[PDB]
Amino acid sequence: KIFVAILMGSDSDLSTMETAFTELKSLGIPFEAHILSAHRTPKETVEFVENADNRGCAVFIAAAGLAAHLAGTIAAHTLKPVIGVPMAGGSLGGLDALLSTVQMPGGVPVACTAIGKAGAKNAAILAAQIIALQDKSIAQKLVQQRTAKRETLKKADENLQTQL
């Protein structure tokens, strides 16, 4: 009954946001994903946010590049947590997207993650952490993911030792 909603401004963002899809799947957390633009389809974007909110959406994830307005538009229309992911495309290396996502005025928060794929994964994990506050099974899965990454780094470290 709980789910995450992922919106992206362009279908070219799908390359980066697959990381998020993968992450949510791996945790057993249902999500919906749509191509919705604050600039080109403002009415539909707003409609979906209000409908998703009403249908039980726990967290929104928004991905946009350049002058990224998507996250702020969502935040303005719901009081559910909103996570903003700055895309890396364009000549400024996503710096425009980052500043445009994170510098919100007092009153209307957006949670901003790292630029690019790292941010897409972190968006998914953050949503999971928020959800785990009420879902102990998700909380358990988060613990074991960190345990498995540590085993992974240990292996990498043991391999390094042979090469020196």
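The numbering used is simple: start at 1 and walk along the sequence shown.
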*Of 41 to 49 and 123 to 131, the stretch whose C-alpha atoms average the higher B-factor in the entry*: 41 to 49
*Which has higher Cα B-factors on average according to the PDB entry: 89 to 97 or 76 to 84?*
89 to 97
_Within-chain third of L164 by Cα B-factor, per the entry_ = highest
*Thinking about Cα B factors across the chain, which third does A64 belong to?*
middle
*Quick one: classify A118 as lowest, middle or highest third of the chain based on its Cα B-factor.*
middle
*Rank-wise, by C-alpha B-factor, drop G28 into the lowest, middle or highest third of its chain.*
highest
*Going by what the PDB entry lists, where does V4 fall on CA B-factor within its chain: lowest, middle or highest third?*
middle
